[PDB]
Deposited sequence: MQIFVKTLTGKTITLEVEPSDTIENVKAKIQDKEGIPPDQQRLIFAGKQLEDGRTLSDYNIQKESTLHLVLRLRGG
């Protein structure tokens, strides 16, 4: 399973993973702290999981710097 986060970021995830866990993936790859990231798919909160947002493989995620 794969998704795309817009710069364009490629992250491997799982259906039950939460946004904050996915938010940490950007930190490891791009070095951007999660607290300075606002994710768009509507804003996705850290606690809610990917499946709660109906996010599937190759989903369209957007990253805007704070």
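Annotation: deposited residues 7-10, 46-47, 73-76 are not represented by C-alpha coordinates in the model.
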